[PDB]
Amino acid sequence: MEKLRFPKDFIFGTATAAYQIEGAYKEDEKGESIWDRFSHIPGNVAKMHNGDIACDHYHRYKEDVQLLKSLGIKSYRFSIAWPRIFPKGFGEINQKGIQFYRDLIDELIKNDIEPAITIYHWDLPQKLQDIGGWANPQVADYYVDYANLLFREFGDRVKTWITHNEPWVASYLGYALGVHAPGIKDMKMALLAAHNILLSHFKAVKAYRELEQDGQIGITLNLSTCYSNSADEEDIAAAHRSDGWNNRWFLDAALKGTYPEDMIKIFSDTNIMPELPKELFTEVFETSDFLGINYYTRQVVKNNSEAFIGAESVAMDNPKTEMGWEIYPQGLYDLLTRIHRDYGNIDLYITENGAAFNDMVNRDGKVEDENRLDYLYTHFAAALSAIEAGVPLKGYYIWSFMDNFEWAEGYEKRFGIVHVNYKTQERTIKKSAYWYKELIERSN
């Protein structure tokens, strides 16, 4: 296969989240988060794994920054842990927490790396969950105050802001399926949580615009192209319903300021739609500067009148990752072109794309992750083709910089381009990272 080359202004990065890599879960007066709570209760996370220590990045950040530099990576997406800054969610600011992020940001900049900051990446202070979490609109108000502080402290030096990571996952897995923190199992509440999360996004965007900083702000959505299992009208409609939940609910909300009417009807007819304020987003909608896309796989769907939204995913006979997710680079091309087709010319960033594989250090000290390299080659190829088709794709962040705590899956699923030995904390750059360094260099 021919070597891939992107335009010189394309942004190449890698991404992480605070809970997944930082550790130091109780240091410097950091408050308890919902993930600290969830992972400390048995039955929630595989093998009782937790983020207490994770990759110890809170301590090792200087060397981890040098790892990025050594790969020629010039953009780095990370999250700021709300409870390091406001241990109780609001009120008294924790200076040690702000100082950690100031030092990290200064370290990145000194080393020619542009920070992209995710403001909320699932680590709600537990004190806020004690008052309802995202079901309570008061928590959205506290979020904006927290965002305002970050803009004030860092906005002079940070030019890309992501308000929320994967609000669909946060609401659906956290409040409907009970598989992520806070572990609630109530779809009606999840839809309310999703509403308040979107409200907090638009309000943070509104606040950001007043500052006239040199930067851009947007949301990151997990998105998964849906295909019908057959050509029967039945199955095609089922795929469009799954698309409605997976993709359109948040796409329409974030990009048009409305929820898709077909899905409202479905949720209403099954009595899972919450009573939401009458105005919805009619008075608060704010256009983002970009849309962040987290893409990993597709869904193939058949009709099942007894299933949630009458849709059932079909397990496909194709190569798949250690998550069980089908490797389907065509889905990424299809998604990028679809977003440009349906929502017009808004700048796009792939804020996450990557794969979990069973990686390990070999007899020569190397981590030869050919499966990930090949995965990345095909997905970057699809992204490049979308660019050729005119999609305004401006950058691409690999998930993840290093192997980390994969939420309810624990440490068992390795997404890094850098291997982490959890017993010794040794980092070992994987083959895929070296391939990435060459891609970035070639494109520069």
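Sequential numbering from 1, following the sequence displayed.
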Checklist entry - If you average the Cα B factors in the entry, which is higher, 112 to 120 or 304 to 312? => result 304 to 312
Checklist entry - Comparing 342 to 350 with 365 to 373, which has the greater mean CA B-factor as deposited? => result 342 to 350
Item to check | Residue with highest C-alpha B-factor in the PDB entry, from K127, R77, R241, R248 | outcome: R241
Next on the checklist: If I read the C-alpha B-factors straight from the PDB entry, which of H195, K278, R84, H201 is highest?
Outcome noted: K278
Next on the checklist: Per the entry's values, where does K265 land by CA temperature factor relative to the rest of its chain, in the lowest, middle or highest third?
Outcome noted: highest
Checklist entry - So where's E388 on the chain's Cα temperature factor ranking, which third? => result highest
Checklist outcome for this item: Quick tally, chain-level thirds of C-alpha B-factors: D289 sits in the lowest
Checklist entry - If you rank every modelled residue in this chain by C-alpha B factor, which third holds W168: lowest, middle or highest? => result middle
Checklist outcome for this item: Temperature factor at the Cα of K185, chain-ranked in thirds, falls in the middle
